[PDB]
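Q: Residue numbers (PDB author numbering), protein chains in the order written: chain 1, 1 to 281; chain 1', 1 to 281; chain 2, 8 to 261; chain 2', 8 to 261; chain 3, 1 to 239; chain 4, 2 to 15, 23 to 69; chain 4', 2 to 15, 23 to 69. A prime marks a further copy of an entry chain. Ideal Cβ placement from N, Cα and C applies to all residues, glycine included.
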Amino acid sequence: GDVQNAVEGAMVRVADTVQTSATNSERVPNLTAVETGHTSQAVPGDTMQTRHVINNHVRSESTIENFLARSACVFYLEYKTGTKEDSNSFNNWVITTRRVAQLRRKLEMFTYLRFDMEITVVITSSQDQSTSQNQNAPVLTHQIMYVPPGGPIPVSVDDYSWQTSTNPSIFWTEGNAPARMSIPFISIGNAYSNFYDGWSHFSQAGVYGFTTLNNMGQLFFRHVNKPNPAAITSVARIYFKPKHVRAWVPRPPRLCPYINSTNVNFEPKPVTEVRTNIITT
Amino acid sequence: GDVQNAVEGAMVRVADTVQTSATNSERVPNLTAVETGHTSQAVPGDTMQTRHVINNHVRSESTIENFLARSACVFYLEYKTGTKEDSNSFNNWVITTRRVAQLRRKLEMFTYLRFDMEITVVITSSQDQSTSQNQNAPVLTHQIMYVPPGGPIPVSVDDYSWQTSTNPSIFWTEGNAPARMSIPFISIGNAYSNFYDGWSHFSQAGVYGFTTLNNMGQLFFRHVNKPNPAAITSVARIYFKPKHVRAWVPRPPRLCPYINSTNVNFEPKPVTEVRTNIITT
Amino acid sequence: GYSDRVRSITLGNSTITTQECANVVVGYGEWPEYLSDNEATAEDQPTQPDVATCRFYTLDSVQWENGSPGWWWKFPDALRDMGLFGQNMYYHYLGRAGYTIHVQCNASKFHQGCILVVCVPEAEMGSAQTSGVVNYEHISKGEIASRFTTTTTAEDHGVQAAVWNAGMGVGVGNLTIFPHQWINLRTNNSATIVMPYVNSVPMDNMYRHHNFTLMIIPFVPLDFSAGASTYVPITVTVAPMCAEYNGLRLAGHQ
Amino acid sequence: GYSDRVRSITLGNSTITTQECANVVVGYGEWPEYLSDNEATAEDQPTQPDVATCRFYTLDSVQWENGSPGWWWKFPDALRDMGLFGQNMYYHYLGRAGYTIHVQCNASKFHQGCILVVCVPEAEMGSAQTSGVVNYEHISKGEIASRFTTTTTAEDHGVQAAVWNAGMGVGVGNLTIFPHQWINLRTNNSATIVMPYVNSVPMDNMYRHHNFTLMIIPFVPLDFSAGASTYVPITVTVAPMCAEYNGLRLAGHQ
Amino acid sequence: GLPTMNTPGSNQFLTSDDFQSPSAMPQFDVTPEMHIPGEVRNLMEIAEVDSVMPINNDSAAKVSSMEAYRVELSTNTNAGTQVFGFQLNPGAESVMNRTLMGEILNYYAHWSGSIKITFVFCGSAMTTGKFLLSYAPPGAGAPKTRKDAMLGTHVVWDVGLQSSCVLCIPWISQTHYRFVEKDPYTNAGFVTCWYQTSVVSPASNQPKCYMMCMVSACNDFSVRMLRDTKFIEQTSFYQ
Amino acid sequence: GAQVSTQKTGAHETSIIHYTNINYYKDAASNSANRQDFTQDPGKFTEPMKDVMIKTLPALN
Amino acid sequence: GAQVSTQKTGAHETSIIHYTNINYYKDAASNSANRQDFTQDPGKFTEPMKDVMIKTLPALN
Ligand SMILES: CCCCCCCCCCCCCCCC(=O)O
Ligand SMILES: CCCCCCCCCCCCCCCC(=O)O
Ligand SMILES: *C(=O)CCCCCCCCCCCCC
Ligand SMILES: *C(=O)CCCCCCCCCCCCC
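1. Hey, is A3 (chain 4') close to ligand 4, as in C-beta under 7 Å from one of its heavy atoms?
2. What residues match up with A3 (chain 4') in a beta bridge as DSSP calls it?
3. With respect to the beta strand (DSSP E) encompassing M89 (chain 2'), which residues constitute its N-terminal and C-terminal limits?
4. Flag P56 (chain 4') as yes if its beta-carbon sits less than 8 Å from any beta-carbon of chain 2, otherwise no.
5. Using CA atoms only, rank isn't needed, just tell me which of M213 (chain 2'), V208 (chain 2') and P76 (chain 2') is closest to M222 (chain 2').
6. Which parts of the stretch 10–75 of chain 2' are runs of the beta strand (DSSP E), unbroken and 3 residues or longer, counting only runs that do not cross its ends?
7. Please list, in chain order, the chain 2' residues whose beta carbon lies closer than 8 Å to that of residue 282 (chain 1').
8. Any heavy atom of ligand 4 inside 7 Å of the beta-carbon of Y32 (chain 4')?
9. Can you confirm whether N30 (chain 2), when its beta carbon is compared against all beta carbons of chain 4', has any partner nearer than 8 Å?
10. Round the Cβ separation of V191 (chain 3) and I169 (chain 3) to the nearest angstrom and send it over; I've been treating them as touching at under 8 Å.
11. Which residues in the same chain have their Cβ closer than 6 Å to the Cβ of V207 (chain 1), if we skip the five residues on either side of it in sequence?
12. Taking 8 Å as the CB-CB cut-off, is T212 (chain 1') touching chain 3?
13. In the stretch 40–69 of chain 4', which residues sit with their C-beta less than 7 Å from some C-beta in chain 2', listed in chain order?
14. Are the C-beta of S182 (chain 1') and some C-beta of chain 4' separated by less than 8 Å?
15. Is the distance from the Cβ of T233 (chain 1') to the Cβ of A179 (chain 1') below 8 Å?
16. Roughly how many angstroms lie between the CA atoms of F75 (chain 1) and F220 (chain 1), to the nearest whole one?
17. Let me check you understand the geometry: is the CB of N260 (chain 1) closer than 7 Å to at least one non-hydrogen atom of ligand 5?
18. Who are the neighbours of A177 (chain 1') on chain 2', taking C-beta pairs under 7 Å?
19. Under 8 Å between C-beta atoms, does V12 (chain 1) make it to chain 1'?
20. Write down every uninterrupted run of the beta strand (DSSP E) in the stretch 76–123 of chain 3 whose length is 3 residues or greater and which is fully enclosed by it, in chain order.
21. Identify each residue in the stretch 208–222 of chain 2 for which the Cβ-Cβ distance to at least one residue of chain 3 is less than 9 Å, and report them in chain order.
22. Which runs of the beta strand (DSSP E) at least 3 residues long sit entirely within the stretch 33–95 of chain 1? Give them in chain order.
23. Report yes if the C-beta of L68 (chain 1) is less than 7 Å from at least one heavy atom of ligand 1; otherwise report no.
24. Buried or exposed for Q261 (chain 2'), going by 16 or more other Cβ atoms inside 10 Å?
25. Residues of chain 2' with CB closer than 7 Å to the CB of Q49 (chain 1'), please, in chain order.
26. So, do the stretch 212–228 of chain 1' and the stretch 46–63 of chain 3 have three or more beta carbon pairs nearer to each other than 8 Å?
27. Given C256 (chain 1'), which residues of its chain have a CB within under 6 Å of its CB, disregarding the five upstream and five downstream residues?
28. Decide yes or no for the touch test of the stretch 170–178 of chain 3 against the stretch 183–191 of chain 1': beta carbon pairs closer than 8 Å, at least 3 of them.
29. In angstroms, rounded to a whole number, what distance separates the CA positions of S60 (chain 1') and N24 (chain 1')?
30. Which one of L226 (chain 3), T4 (chain 3), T75 (chain 3) and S236 (chain 3) has the shortest CA to CA distance from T15 (chain 3)?
31. Alpha carbon to alpha carbon, how far is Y100 (chain 2) from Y196 (chain 1')?
32. Quick check on DSSP: helix, strand or coil for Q102 (chain 1')?
33. Pick helix, strand or coil for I184 (chain 2'), following the three-state DSSP scheme.
34. How would you list, in chain order, the residues of chain 3 whose beta-carbon sits under 9 Å from the beta-carbon of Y64 (chain 2)?
35. Would you say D46 (chain 1) faces chain 4', with C-beta separation under 8 Å as the test?
36. If you measure beta-carbon to beta-carbon, which residues of the stretch 31–58 of chain 2 are closer than 7 Å to chain 3?
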């Protein structure tokens, strides 16, 4: 099948209930051995006498694509309208999935993941309180610049780096529809790895874990407008949608709450919620 | 091939590793003579016994087009909302590649260059501080006018030249998508020349260097709106994208920092960065 | 028969021999040829003096010394005084030609040293005084070698000839991208580069435009020991190929 | 093309070049190959590490001096520490392999001297003290050259290394019956002997049995004159060929 | 509706754009087409038509008069004497600059092609003479002597019953195109005129007489990079 | 070069509607999400057995 | 007058998707970037030799 050729599906419905009659025999479909590592492929008709039901149900929304391909917020960043002197006049984000709780748990249900991605970004502005907040501020244009691992970081809201002679950038004016890009499978390895039980150094040391593999570069944000008399603050929300997805090695979903965006740390939680008695209604 | 017919490619993958066995012979693939001016076309299999690897890698992004065809900023210009009396009410730019550092180094890796160009221009406005900055300023329209080498320069924000009975102009209102044009291969010579080791005068004199050849004309900028009680400043960023590119004679990339947009001058820099010892880890 | 170390090149009333060459570099894969009816623009009949112009002109040879930083020559300008090529270049607004460049340098099994021999198209050089502009007399002495400097400074409107940046703001170790050979005294006694007409326009003025520069830069210094012949020169002989000229008038400079 | 003086040998992740060889001697006419199903006796599957074992191991090189009498190395024992060959030899009771032996020695037209390079099968050496027995440490320093002596005597259980009797009661001038070459400094800068597995039994223990000894003996002394480079080494690089091992257990010595 | 995505360029007004627009008068029955003689379909058709050059360009006095067009010749003028000289910048040099060809050139920034200067003798029918009509390509400087001029591209015009002789100036250039504006790199050389022998006349004939020069573009001429002319301007609207 | 495909409709009382696709961009990454591939193979997780386990038979014998 | 071409996809585990192009303007300068021509000829730079240099042979003889 070709995950990039969207308009090319496969309709697979759920299994029908075949009619069962009474039995008295040596065959035992519901007596087995869990030790084997095998899951019982029993159907209700092996235990009861069932009728004939035609299941036209399809496992549609549980497809890896339909599950992951809904655009989620991964991070938001903030920056004011200012001069070279103002540190806060621009900002940046090192790209990472592990910053938020919700998409992270979804992706982490799979060890290895290969996908293309749709990035949408909602940049929002607000007037700072000031004697000058009265001010005719013109429409603000914004610049989002991707700096891949190795290129020049912008040190100020106003330096050569923002030229983008080779880095990808998006210039976006306010009031318009949210900015949107598609990204290929950017990794150096044959699949993205949500987990790495290993080290950054051959000597079993340095950085432990997934961090080591997931070097994605960073997004730099600024206003293109010169500052109005009163400051205006903008905050950019970066949205991710995994499209054209393939997934390998399913994992148990995260039980414990996330602590660090850097590492897989947790503090131990109970297996489930407690109940009144082992016999419950 | 036809660099203007975009939707017509050529898929050329990288070379595969052929399996090598052990050898004991008179043929010497890795013994040669640098003096010749020739580069060794050795493959790892001439020195080691290699396995068979199928390289489906392609040299995609290193194509002259993919390398140059990313829209870069070449210059930005500034102008206030004003009257005939105000010199600063309009502005101009003599068109040149050599003004910025980043695109200039990219283009200059080739001696001769022939391309079409996509010009995008991000015009941004800001309110000047004033007792009147309170003011209901209506949407500002802008005029960008190209004056080719020979036509009338606008002496004021308000003169006959801005009629543009024959010059190309773009009128752009704020809030809308950035203005964009395509330009043909505008030169009088069969290719653009990033370098000219020569003179403007037959007598070995006058102007030395590339300046002599690269007469591209200029862009004049103004507000079309009459001035509001408080002034508003606008700054236009001109973006260039070399598309439909062809390149001749590769050069070493610029080592020394650029000094003048007019000439190729430099002050001598070291060949590389220094290290601790000739034996390094 | 035929050792590939031995070569004989004949052009006009000229033959150069060498018994220790290392092949010959045809600039950018292209052998020189005349301007074709498709690519032409000057409508007048070209004069093509063939053997009278296209022959081997030996320019003033320079001495290689242990500490000597390097040399450059500018073409076609170096040939502005070389016989009837020079005259044709003097009486015509436009000229076009390719060239067989032959650099000569012999020493001995006991001598050592290695020079880069390279033909750089459009080698537009920088002013030493970054603030100011350069000028012709510090750009070219016609047939006489302009020297590269080890010293980072020079007289009014002199080029910044500091060798490691090749007089043009780049790494000298990358000059190898241009058509080049090396005379490594162990290996060979000569270099030969056949340069095609490389330019953005079909013909050009022979004086105004220095179409390319011949740079000879010693990457490994000349050396020898205890009483073993001090003087070892480097001689550059060059022959114009497929030379043709358009636009004829009076003797020309201004 | 192809001068027969030039040679390139590649084995595993290893290539040796030489530009002054004198052919290559294949020991007793036979190129190395694996133990066949007819000649086999150990019933277990052999491990054959191919490129990991069969590659060029450069052993500790020795200095050739005017009066230096000679050197020997013992195989496979010299390789007991050379990478994964050594490991395989350490973890297996039985091992089998042939070898490409490449001795290196360069000097100059002005230097003179000639060494015999020979692979002697079963070179069982005599005790210096005829009354007593010899012992391992005086038989082999693994990868380090054991020297031949000009002196007719040695320390307790040392071999009688007196050069003219080759450490084994025979005329050194007759050693030539074994697979050999000569590095005569006038003629060549290297020797290459491809030795087959020569033994009376299909496989053997890699430690107990020194299957053959590499002897490098200077028949014409090293010489040169007035200030012309004193230091001239002899480097032995050897590559195992068709190596296979039987009988695997723990790390082995006793 | 159909998922459209607006690109950069959207809603701009480019002066040179070529788009379809709604008509404000639908189904208008246009006045039927008639013949009319003299259809111009390309400005080069005008540049190809002979204009007369103001070569007698010496003073404001003669430039606001008919003198401007007539070059004065004289009898008993010594042999190598120069009639006139100027560098060939069509559309830039005052001599050719505001002629039909010159004027067309001035709405463009690049030109190319051969030019033809038609020399007409308007002296007495009983009068005679021979002139060297020269064109020197650039690089050497303007021809100072009849010998210098002779070395370049030239016609020796013998005046007689065919009144006029044409000096055809060849496109000889490095580049495929030159600038209309004067530029050191796109220099086009010098056209000069000389007495090859002299103007001779009979007894009661006038001593001084006149020649005149027409100029136009040959079939290889063309122009590029459309621009506004410097030749017309205003401070305010007209009423 | 248009592609016609089938729309997700639903089980009808005892059908086929189509939609059109034209890929506008030069890069497959730019394409719509692969939402219509309802393919599956639980076998690798539910049954990773070397010896095939027949349901009507005893698991161990 | 539409053009159909191939999209950049990627090496698949042991394919062809298309895109559509219609040129809207009267001037070829207005067209998309020529990004899909992966053609090359290093020869002119890596090997500008008059006499062909065969790798297995000695460079000088
Ligand atoms: C303005 C141009 C922006 C270009 C943005 C490039 C963004 C690269 C995104 C990389 C996403 C990596 C997803 C990693 C998933 C994981 O392993 O957790
Ligand atoms: C509003 C109309 C604008 C028209 C703008 C015309 C711009 C001409 C651009 C010329 C680009 C020249 C690139 C030269 C490259 C080089 O040699 O360095
Ligand atoms: C195959 O692609 C040709 C079928 C008809 C195409 C109609 C195209 C619709 C309008 C153009 C879309 C172009 C996107 C670049
Ligand atoms: C060939 O061009 C005809 C194929 C069908 C064309 C569908 C056209 C799509 C809409 C019009 C685009 C017109 C651009 C001026």
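A: Reading off the structure:
1. Locating residue 3 (chain 4') in the seventh sequence gives position 2, where the first residue counts as 1. Result yes, Cβ under 7 Å from ligand 4.
2. In the seventh sequence, residue 3 (chain 4') corresponds to position 2, counting from 1. The partner list for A3 (chain 4') (beta bridge, DSSP) is empty, contrary to what the question assumes.
3. Sequence index remark: in the fourth sequence, residue 89 (chain 2') carries index 82 (1-based). Counted as a single uninterrupted DSSP element, the stretch harbouring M89 (chain 2') is not any beta strand (DSSP E), since DSSP gives it neither H nor E.
4. Within the seventh sequence, the letter at position 48 stands for residue 56 (chain 4'). So, interface residue.
5. Here residue 222 (chain 2') refers to the residue found at position 215 of the fourth sequence. Of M213 (chain 2'), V208 (chain 2') and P76 (chain 2'), the residue nearest in Cα terms is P76 (chain 2').
6. Complete beta strand (DSSP E) runs here, min 3: 14–17, 22–25 and 69–71.
7. The requested residue 282 (chain 1') does not occur in the structure, where chain 1' is confined to residues 1 to 281.
8. Counted from its first residue, the seventh sequence places residue 32 (chain 4') at position 24. Because some heavy atom of ligand 4 lies under 7 Å away, the Cβ of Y32 (chain 4') counts as near it: yes.
9. Within the third sequence, numbered from 1, the residue matching residue 30 (chain 2) stands at position 23. With 8 Å as the cut-off, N30 (chain 2) counts as an interface residue toward chain 4'.
10. Counting from 1 along the fifth sequence, the entry for residue 191 (chain 3) is found at position 191. Counting from 1 along the fifth sequence, the entry for residue 169 (chain 3) is found at position 169. So it is a contact: roughly 7 Å between Cβ atoms.
11. Counting from 1 along the first sequence, the entry for residue 207 (chain 1) is found at position 207. If we look at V207 (chain 1) and ignore the five residues flanking it on each side, its Cβ neighbours are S200.
12. The residue labelled residue 212 (chain 1') in the question sits at position 212 within the second sequence. It does; some Cβ of chain 3 falls within 8 Å.
13. Those would be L65, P66 and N69, in chain order.
14. Along the second sequence, read from residue 1 onward, the residue named residue 182 (chain 1') stands at position 182. For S182 (chain 1'), the answer is yes, since a Cβ of chain 4' falls inside 8 Å of its Cβ.
15. What you label residue 233 (chain 1') is simply residue 233 of the second sequence in a count that begins at 1. What you label residue 179 (chain 1') is simply residue 179 of the second sequence in a count that begins at 1. Result no, Cβ atoms of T233 (chain 1') and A179 (chain 1') do not sit closer than 8 Å.
16. Residue 75 (chain 1) sits at position 75 when you count from the first residue of the first sequence. Residue 220 (chain 1) sits at position 220 when you count from the first residue of the first sequence. In this structure, the alpha-carbon of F75 (chain 1) lies about 13 Å from that of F220 (chain 1).
17. Ligand 5 is absent from the structure shown, which contains only ligand 1, ligand 2, ligand 3 and ligand 4.
18. Within the second sequence, residue 177 (chain 1') is the residue found at index 177, counting from 1. Listed along chain 2', no residue sits closer than 7 Å to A177 (chain 1') by beta-carbon distance, the nearest being about 58 Å off.
19. One-based indexing of the first sequence puts residue 12 (chain 1) at position 12. Under the 8 Å criterion on CB atoms, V12 (chain 1) is classed as non-interfacial with respect to chain 1'.
20. For the stretch 76–123 of chain 3, whole beta strand (DSSP E) runs of length 3 or above, ordered along the chain, are 82–87, 108–112 and 115–121.
21. From the stretch 208–222 of chain 2, only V208, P209, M210, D211, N212, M213, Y214, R215 and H216 have a Cβ closer than 9 Å to chain 3.
22. Taking only runs of at least 3 residues, the beta strand (DSSP E) segments lying wholly in the stretch 33–95 of chain 1 are 72–80 and 90–94.
23. In the first sequence, residue 68 (chain 1) corresponds to position 68, counting from 1. Every heavy atom of ligand 1 is 7 Å or more from the Cβ of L68 (chain 1), so no.
24. Stepping through the fourth sequence from its first residue, residue 261 (chain 2') is reached at position 254. Exposed: under 16 other Cβ atoms inside 10 Å.
25. By one-based count along the second sequence, residue 49 (chain 1') stands at place 49. Within chain 2', the residues near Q49 (chain 1') are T17, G19 and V58.
26. Verdict: no, contact absent.
27. Position 256 of the second sequence, counting from 1, holds the residue named residue 256 (chain 1'). For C256 (chain 1'), where only same-chain residues beyond five positions count, the Cβ hits under 6 Å are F266 and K269.
28. Taking a cut-off of 8 Å on C-beta distances, the stretch 170–178 of chain 3 touches the stretch 183–191 of chain 1', as three or more cross pairs fall below it.
29. Position 60 of the second sequence, counted from the start, is the residue given in the question as residue 60 (chain 1'). Position 24 of the second sequence, counted from the start, is the residue given in the question as residue 24 (chain 1'). Those two C-alpha atoms are separated by around 39 Å.
30. Numbered from 1 along the fifth sequence, position 15 holds the residue referred to as residue 15 (chain 3). For the residues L226 (chain 3), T4 (chain 3), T75 (chain 3) and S236 (chain 3), the minimum Cα distance to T15 (chain 3) belongs to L226 (chain 3).
31. Mapped onto the third sequence, residue 100 (chain 2) falls at position 93. Mapped onto the second sequence, residue 196 (chain 1') falls at position 196. A direct Cα-Cα distance of roughly 18 Å separates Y100 (chain 2) from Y196 (chain 1').
32. Start at 1 with the first residue of the second sequence, and residue 102 (chain 1') comes out as number 102. Correct three-state label for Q102 (chain 1'): helix.
33. Sequence index remark: in the fourth sequence, residue 184 (chain 2') carries index 177 (1-based). Annotated three-state conformation of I184 (chain 2') is helix, per DSSP.
34. Counting from one through the third sequence, the residue named residue 64 (chain 2) turns up at place 57. Result: empty, since nearest Cβ-Cβ is about 22 Å, beyond 9 Å.
35. Here the question's residue 46 (chain 1) lines up with position 46 in the first sequence. Not a single CB atom of chain 4' sits nearer than 8 Å to the CB of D46 (chain 1).
36. Listed in sequence order: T48, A49, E50 and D51.
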